[PDB]
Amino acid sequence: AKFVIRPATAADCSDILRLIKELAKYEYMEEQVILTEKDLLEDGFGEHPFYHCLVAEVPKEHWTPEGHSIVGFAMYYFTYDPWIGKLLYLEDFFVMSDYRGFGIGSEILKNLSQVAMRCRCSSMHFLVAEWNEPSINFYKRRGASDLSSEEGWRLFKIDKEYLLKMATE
């Protein structure tokens, strides 16, 4: 199992979208990926980066059925807390099926931790679906706290439609 975890470059954006679309097809809710390869380039590889990705890369031998070298990714960005400052936020990660079980996910997790030490982050935040007890227990074994269950936080969103109203109300 030879792989490397490295930062994404602009040349990796096609691979990241491909994997985002495989993640979308994977996860149970049925939202569609509106995001384009150009969006990914603009938003991550333009001026101010709105996300950062780590990428899992394999050598020619282990390339996919369609000739791809990228088999996994993590997406993260930096957030802020008024009590304790800068935080690392983990948005998602995914490893392709035939490449699971070889320490990629774990190795991805290691490199995120290094991002958080480097960048002086006090915590790493992320969402886990309540129904996903294997992933919950996984993260608790690693020292995670469930802040929804401890402090009662619920995630809300106001959609573009209603923000339009409010921007003019």
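Heads up: residue numbers just count along the shown sequence, starting at 1. Basically, rigid core = biggest C-alpha set you can superpose within 1.5 Å across the two forms.
- In summary, of the stretches 128 to 136 and 107 to 115, 128 to 136 shows the greater Cα distance from the shown form in 6 other deposited structures of this protein, with structures fitted on the rigid core.
- Between 48 to 56 and 96 to 104, the larger root mean square Cα shift in 6 other deposited structures of this protein, once each structure is superposed on the rigid core, falls on 96 to 104.
- Of the other structures of this protein that model both sides of residue 70, every one gives it coordinates; not a third omit it.
- Of the other entries compared for this protein that flank it with modelled residues, all give atoms for residue 39, so not even a third lack it.
- Comparing 46 to 54 with 25 to 33, the higher mean C-alpha B-factor in the PDB entry belongs to 25 to 33.
- Look at the C-alpha B-factors of 108 to 116 and of 57 to 65. On average they run higher in 57 to 65.
- Ranked against the other modelled residues of its chain, the C-alpha B-factor of residue 99 as given in the entry falls in the highest third.
- Among all modelled residues in this chain, the alpha-carbon of residue 151 has a temperature factor (C-alpha) in the middle third.
- When the CA B factors of the chain's modelled residues are split into thirds, the value for residue 144 lands in the middle one.
- Split the chain's modelled residues into thirds by C-alpha temperature factor. Residue 136 is in the middle one.
- Per-chain ranking of the deposited C-alpha B factor places residue 70 in the middle third.
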